[PDB]
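Peer 1: sequence, then the experimental structure. Questions to follow.
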Amino acid sequence: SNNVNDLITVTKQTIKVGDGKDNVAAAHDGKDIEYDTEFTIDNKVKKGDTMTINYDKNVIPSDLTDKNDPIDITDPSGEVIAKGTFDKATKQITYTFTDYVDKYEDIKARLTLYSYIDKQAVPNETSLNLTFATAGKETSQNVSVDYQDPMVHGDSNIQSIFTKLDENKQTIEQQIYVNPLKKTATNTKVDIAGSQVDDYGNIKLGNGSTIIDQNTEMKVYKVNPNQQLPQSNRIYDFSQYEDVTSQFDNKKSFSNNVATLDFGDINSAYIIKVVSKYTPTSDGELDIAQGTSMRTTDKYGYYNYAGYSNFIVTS
């Protein structure tokens, strides 16, 4: 048994920003990174031999979990050419060839892997050089990390993402930025609903779900005028923020899987951390959707509504 990278000829390999919604196996809002590679395998290659694939230092196979089990290399009919394991330390997949390389000759293959930008290493929008490898053969692509923009309607401005999924305890962590433009906002109500929500806060039932109620964990933090939030929408160190949770003890109400936080008149940004429970489908898949909205009142007394919605739907 031996490493046969040298016996792998790389025919094509491209790196591009893709849309997470198109990752059918694990669909979620936001952008991903797509590594598409094609190669032929020398006939001398045999079962138990190995080749490797290298991820860029700044990506991870999933940015919601550590279930880092890579997809098999398969032929067009889905027959398995090789099974892989991910090494987090080296950021490299080691693929082990099955008997397929013994049953067949002049084998060629295609592999498309999905990964995600490490939001801790890349907290803000920038351009960055990514480097992957098939069988030690490297390619590099410059991409631009776009992060999402807040949805803004008058003074209502809001955005959110999922940051962490725990399949064992069946919870999902969502981080919400309230008034990240640090506007002056009057009679601010923030809703968190265990359902999809459109850009104007209208709740859309049936398209995924979480449980939002009394027991849902909900921390709130106030941001200083001089602190700028990571455009990634993901906070890694809450110590640096003023924890104002207990001030919402008597400004929280629950009705039909929706939480309402009475923020009142405000002039700062806030962060909400929500850890909520979900229920997987009967077939064991995921169908998580959770949304938030900000309502403010403008100088003429009209309501303005801004909504934001995240999801995870697997297959």
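Peer 2: Thanks, I have the structure now. Numbers count the residues shown, from 1 in each chain.
Peer 1: look up how far residue 267 lies from the most far-flung residue of the chain relative to its centre.
Peer 2: Within the chain, the residue lying farthest from the chain centre (C-alpha atoms, centre = their mean) is residue 44, at 40.3 Å. Distance, residue 44 to residue 267, by C-beta to C-beta, to the nearest Å: 70 Å. Bear in mind the C-beta positions are built from the backbone N, C-alpha and C, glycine included.
Peer 1: same question, residue 107
Peer 2: 64 Å.
Peer 1: of these two, which one has the most company?
Peer 2: residue 107 (17 against 10; other C-beta atoms under 10 Å).
Peer 1: tally of neighbours for the residue lying closest to the more buried one once chain neighbours are set aside?
Peer 2: In space, and not counting its chain neighbours, residue 107 is closest to residue 41: 4.6 Å by C-beta to C-beta, 6 or more residues apart in numbering. By other C-beta under 10 Å, the residues close to residue 41 number 25.
Peer 1: do the same with the one 10 residues further on
Peer 2: Residue crowding around residue 51 was assessed by other C-beta under 10 Å; the count is 24.
Peer 1: please, which helix or strand holds it?
Peer 2: Using DSSP states H and E, residue 51 sits within strand 50-54.
Peer 1: who does that strand touch, helix- and strand-wise?
Peer 2: strand 92-97, strand 126-134 (3 or more C-beta pairs under 8 Å, 6 or more residues apart in numbering; DSSP states H and E).
Peer 1: who does the helix or strand following it pair up with?
Peer 2: Per DSSP H and E, the first helix or strand lying C-terminal to strand 50-54 is strand 59-60. In the sheet, strand 59-60 lines up against strand 107-117 (antiparallel) (DSSP bridges).
Peer 1: check which residues of the strand it pairs with are buried.
Peer 2: Neighbour counts using 16 or more other C-beta atoms under 10 Å place 107, 109, 111, 113-117 of strand 107-117 among the buried residues.
Peer 1: who are the neighbours in contact with residue 153?
Peer 2: The contact partners of residue 153, by C-beta atoms under 8 Å, 6 or more residues apart in numbering, come to 200, 304-306.
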